[PDB]
């Protein structure tokens, strides 16, 4: 047997209709008990399990999967989630780390990529799978993506040692800090533009073991609650004025992800560059990420944004860059130089170095 903790934070997967809109819905364990694909009643009685503990039916062989449902309160639409919600989830995982062999987190899709990226950084030396999942359509609606997304997440966590924060949706397992949301309606909502999926499910399960990170059994789990909250993301647009950039970069901001054009470029107008220089003088750290879905930030143009206190984000998603910025700025007693060096490293599999 392998035992999982299923953390239900909210999201459409569990929502219910109220006043003509979808809102978070409690009572997950109650529903899942009634579904044979999610709970094997015979086995529960035959083994006299507790009532909190659900049991998946068996595959041919491999261990049997048991799981406990922890329903957070209040449950959230993921558009309301922030760094503090992700820290709380990491702390749940830390508190129960020794009792379970893996974790599944049900989450709204709206900020799932940010949550996966944040958790990836918060869970240092992670040894066990932490699989986020969600749905475009609630599990209570007959035709939905929720059933198979949740089951897949549980079976991945229950059966494979993938020591990473991942996202499981639509038969694919992505590295959490590589994903971004690309479709607001289709079941294929997420893409990992600069990395293959870690796994695919079909007639068989194919895992990219060449990509999956190695378990560091020697090192203990270190959960970083020290994540810098004063970080932001700023998307450049043509003609963005220096005065607006000045206002945006005022204290107490400590870091910003600049989402630039193409291969990492912005306007070369001197008043704008002067505001970036001024911010650097104040100690602000800036990461240059491309607005483009695919590819990498590279130098080469006179408009390339590089310079004092600007670190290239290379091929990172903006979600990963913001999480990494929060993580690195939250580390105690480092110099600015050192913080910039850490930003330029691949710390969790989020960035490919050239």
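Numbering follows the first chain given and starts at 1.
Taking the PDB entry as given, 52-60 carries the higher mean Cα B factor of the two stretches 52-60 and 284-292. Just going by the entry, 61-69 versus 302-310 on mean CA temperature factor gives the higher value to 61-69.
As recorded in the entry, 99 carries the highest CA temperature factor of 82, 99, 170, 109. Taking only the listed residues 251, 134, 193, 163, the entry reports the highest CA temperature factor at 251. Ranked by Cα temperature factor within the chain, residue 145 sits in the middle third according to the deposited record. Among all modelled residues in its chain, residue 29 ranks in the highest third by Cα B-factor.
The entry lists a Cα temperature factor for residue 331 that places it in the middle third of the chain's modelled residues. Among the modelled residues of its chain, residue 259 has a C-alpha B-factor that falls in the lowest third according to the deposited record. Among all modelled residues in its chain, residue 219 ranks in the highest third by Cα B-factor.
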